[PDB]
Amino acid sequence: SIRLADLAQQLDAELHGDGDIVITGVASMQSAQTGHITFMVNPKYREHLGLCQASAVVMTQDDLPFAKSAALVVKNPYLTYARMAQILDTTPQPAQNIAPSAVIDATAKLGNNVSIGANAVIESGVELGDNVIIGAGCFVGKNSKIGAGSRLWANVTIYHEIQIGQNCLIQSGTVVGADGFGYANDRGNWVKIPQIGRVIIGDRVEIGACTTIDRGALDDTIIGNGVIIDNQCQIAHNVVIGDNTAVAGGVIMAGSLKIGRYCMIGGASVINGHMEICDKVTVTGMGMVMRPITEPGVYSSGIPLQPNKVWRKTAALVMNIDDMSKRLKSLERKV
């Protein structure tokens, strides 16, 4: 719980109303009750603000005349919402102290205030920085290093020789450092190429659940600082992702792709490897990326949904588009 005046100071917002109001939590506009702070970004909600029962609403200056409660005025209500949600966060920690059921190699190096959940398994040579939290059931493999403040939720798998920076967060079910998909061929028989590169994850990286980031073949798979990666993503061996890039859910990246900084990869895209994407590229959902991208901007692919009856005809005609092209050329030749 926090006083509205104090909250507004920490958010650098201008208070309009009783600064003695006690705020206990954040809520959506429709769910907010007495004691909740909420926010609005879309002007369509201005008109029924009198129906919102929050104790305070974060809004812009042009929103103030419509306010029907205490208001915090800011330039960017969505960013201010992020900040106040952090102040008022109710999310528990993955673990507290070291659990008696955790299995920790005696050669592990642990910083101060490290927490390790029940039945986690820490291999030899592992280094956990100050304030690192390892959730229940995790595995951290030989000689891996996790920087100060980083946290793994329950049932995360980190392989050997992995480096993770400071203040990272990895959601459950994710696997960092599995073998890349590397094989030679000896007369139709696959020959395993041991994958002895690593994964290097920078600072302030957030990785979702059931995502996989393979280790490099010789040199490393690299995730830059400030990168966010959603659930169900595959990052193949020797991918390099530049700082602050965002990868939405279900994206598949093939080996040796290089993505620049400040990119935004839409959900379920497929990005082929051994190529580069420059800084500040957006690929919309399900994008089929077959070629290098050398200019910033938004790129898209795919023929979207139609009623099945229409789709049958669309797909049949497209599959015969070479015959359509030949017919058009013949008609030109004749005319």
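Throughout, we count residues from 1 along the sequence that is shown. Whichever C-alpha set is largest while still superposing within 1.5 Å between the two forms counts as the rigid core.
Superposing each structure in 8 other deposited structures of this protein on the rigid core shows that the farther-lying of 38-46 and 24-32, by root-mean-square Cα distance, is 38-46. Here 209-217 and 68-76 are scored by the root mean square distance of their C-alpha atoms in 8 other deposited structures of this protein, with each structure fitted by the rigid core; the higher score goes to 68-76. When the two stretches 281-289 and 56-64 are set side by side, the higher mean Cα temperature factor goes to 56-64. Mean C-alpha B-factor is higher over 104-112 than over the other stretch, the pair under comparison being 245-253 and 104-112. The top Cα temperature factor in the record, among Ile164, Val73, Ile98, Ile207, falls on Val73. Sort the modelled residues of the chain by CA B factor and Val318 lands in the lowest third. Annotation for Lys258: C-alpha temperature factor in the lowest third relative to the rest of the modelled chain, per the entry. Annotation for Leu49: CA B-factor lies in the highest third of the chain's modelled residues. Ranked by C-alpha B-factor against the other modelled residues of its chain, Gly297 falls in the highest third. The PDB entry assigns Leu128 a C-alpha temperature factor belonging to the middle third of its chain's modelled residues.
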